[PDB]
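Residue-level structural notes
As a plain string of letters, each chain reads:
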Amino acid sequence: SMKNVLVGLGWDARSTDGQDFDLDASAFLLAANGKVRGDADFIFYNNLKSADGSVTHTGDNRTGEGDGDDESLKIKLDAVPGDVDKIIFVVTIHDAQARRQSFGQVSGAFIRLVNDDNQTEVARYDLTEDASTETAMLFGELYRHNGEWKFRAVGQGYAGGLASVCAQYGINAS
Ligand SMILES: [Ca+2]
Ligand SMILES: [Ca+2]
């Protein structure tokens, strides 16, 4: 029923001498056929907003400076074509993953979801909890039901596969 969704990621940044923590938010499209019509159809910094997906990214931060939802993504499900039938949101660590710095390395990052339609916080996962589990993580999922949108959390964690978690949605694993 959510007519408008707005995700918000936020975390405390720590500048020691130039280095800092910078998470990246993303969204992968997924068809109801069990495979996305093309994972490459995911919104990122290379796309200010979807032309027909009605999706729009607020902006990818570079440190987390902001006493509020650092990064965020606006999705007007009330304008999602009939092509896609399932969408998912994800938050992966930037290059800090190579230097071994999962979100846990941060002081305590947090995710937030709200329906820009009703303006009521829906939920928020704590990275400090699913952080010591890996480096990347999925907040939840979105799908259609009886002609009505419905969000569903799952809590998953990839051992680092920003390039894999993308196409991996196009093919199921063993
Ligand atoms: Ca970022
Ligand atoms: Ca922040």
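Per chain, the count goes from 1 following the written sequence and can depart from the entry's numbering; residues without coordinates do not appear at all. As a convention, the first chain written is A and the first ligand written is 1, with the rest following in written order. Working from all heavy atoms in the structure, the side-chain values ignore hydrogens and water.

Per the deposited record, the coordinates in this entry were obtained by solution NMR.

To continue, consider the overall build of the chain. Every helix listed is a DSSP run of H or I at least four residues long, and every strand listed is a run of E at least two residues long, numbered separately from the N terminus. Secondary structure summary: the chain contains two helices and nine strands in total. Each helix and strand of the chain, ordered N terminal to C terminal, gives the series β-β-β-β-β-β-β-α-β-β-α. Taking 174 residues into account, the globule formula puts the C-alpha radius of gyration at 16 Å, and the chain, at 16 Å, falls close to it. Expressed along its principal axes, the backbone C-alpha trace of the chain runs to roughly 50 × 40 × 30 Å. Buried, partly exposed and exposed residues are distinguished by accessible area as a fraction of the type maximum, computed with a 1.4 Å probe on protein chains only: under 20%, between the cut-offs, and over 50%, respectively. Counting over 174 residues, the chain shows a buried share of 42%. Expressed as a percentage of contacts within the chain between residues at least 6 apart in sequence, the contacts between residues at least 24 apart total 63%. Residue burial considers only the protein chains on display, and all accessible areas are found by Shrake-Rupley using a 1.4 Å probe. As displayed, the chain offers around 9900 Å² of accessible surface, 44% of which is attributable to carbon and sulfur atoms. Put simply, the radius of gyration uses C-alpha atoms, and a globule should come to 2.2 Å times the residue count raised to 0.38. Residues count as neighbours in contact if any of their non-hydrogen atoms are within 4.5 Å of one another.

Further remarks concern the environment of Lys-150. Inspection of the secondary structure puts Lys-150 in strand β9 (residues 148–156). Along the backbone, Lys-150 and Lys-86 are 64 residues apart, and their C-alpha atoms lie at a distance of 9.7 Å. When sequence neighbours within four positions are dropped, the list of residues in contact with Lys-150 reads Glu-141, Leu-142, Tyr-143 and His-145.

With that out of the way, let us pick up the pattern of salt bridges. A side-chain nitrogen of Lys or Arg and a carboxyl oxygen of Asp or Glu constitute a salt bridge if their distance falls within 4 Å. Enumeration over the complete set of coordinates arrives at four salt bridges. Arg-37 is the partner of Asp-41 in a salt bridge, and the nearest nitrogen-oxygen pair spans 3.8 Å. Owing to a relative accessible area of 28%, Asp-41 belongs among the partly exposed residues under this scheme. By sharing partners, the salt bridges in this structure join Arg-37, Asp-41 and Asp-83 into a single network.

Protein coordination of the calcium ion (ligand 2) is provided by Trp-11 (O), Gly-64 (O), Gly-66 (O), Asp-70 (OD) and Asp-70 (OD), with donor distances spanning 2.4 to 2.6 Å. For the calcium ion (ligand 2), all donor residues lie on one chain, and their spacing in sequence is W-x52-G-x1-G-x3-D. Here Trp-11, found in the loop between β1 (5–10) and β2 (23–30), pairs with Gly-66, found in the loop between β3 (55–57) and β4 (71–75); they are 55 residues apart in sequence, far enough to count as distant. Think of the donor list as every N, O and S atom within 2.8 Å of the metal, or within 3.2 Å for Na, K and Ca; water never makes the list, so a site can look incomplete.

Looking now at the coordination of the calcium ion (ligand 1). Bound to the calcium ion (ligand 1) on the protein side are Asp-22 (OD), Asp-22 (OD), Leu-23 (O), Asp-24 (OD), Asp-60 (OD), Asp-60 (OD), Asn-61 (O) and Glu-71 (OE), at distances that span 2.2 to 2.7 Å. One chain supplies every donor to the calcium ion (ligand 1), and in sequence these donors are spaced D-L-D-x35-D-N-x9-E. In this pair, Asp-60 sits in the loop between β3 and β4 while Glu-71 sits in strand β4, placing the two residues eleven residues apart along the sequence. Note on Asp-60: relative accessible area 33%, which makes it partly exposed.

A few words on the nonpolar core. Here, nonpolar core means buried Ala, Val, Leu, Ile, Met, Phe, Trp, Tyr and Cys residues that are tied together by side-chain atoms lying within 4.5 Å of each other. The biggest cluster of nonpolar side chains holds 45 residues, and the ones touching the most others in it are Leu-23, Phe-28, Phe-89 and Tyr-169. Examining the composition of this core, we find that six residues originate from one element, strand β5 (residues 86–93), more than from any other. Those residues within four positions of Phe-28 in sequence are excluded, and the remaining contacts are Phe-42, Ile-87, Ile-88, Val-90, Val-165, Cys-166 and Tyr-169.

Attention now moves to the side chain of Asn-115. As for its placement among the helices and strands, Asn-115 is situated in the loop between β6 (110–114) and β7 (121–123). In this view, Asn-115 contacts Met-2, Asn-4, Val-5, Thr-120 and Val-122; residues no more than four positions away in its chain are not counted.

Let us look at empty space enclosed by the protein. Rolled over the atoms, a probe as big as a water molecule pinpoints where empty space is left. Detection works on a 1 Å grid of protein atoms alone, calling trapped sets that fit a 1.4 Å probe cavities and calling open sets with protein on both sides within 12 Å along at least five of seven lines pockets, with lining residues defined by an atom within 4 Å of a point. Grid points are joined across faces, edges and corners, and a volume is the space filled by probe spheres set on the points. A complete count under the given rule lists two cavities of 30 Å³ or more for this structure. What the largest cavity holds in volume is close to 80 Å³. Looking at the largest cavity, it is lined by 13 residues, and the ones nearest its centre are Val-7, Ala-25, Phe-89, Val-90 and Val-91. Every element with two or more residues in the lining of the largest cavity is listed here: β1, β2, β4 and β5.

Another point: the layout of surface pockets. Taken as a whole, the largest pocket spans an internal volume of roughly 560 Å³. Around the largest pocket sit 25 residues that line it, and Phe-21, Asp-22, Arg-62, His-94 and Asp-95 are the ones nearest its centre.

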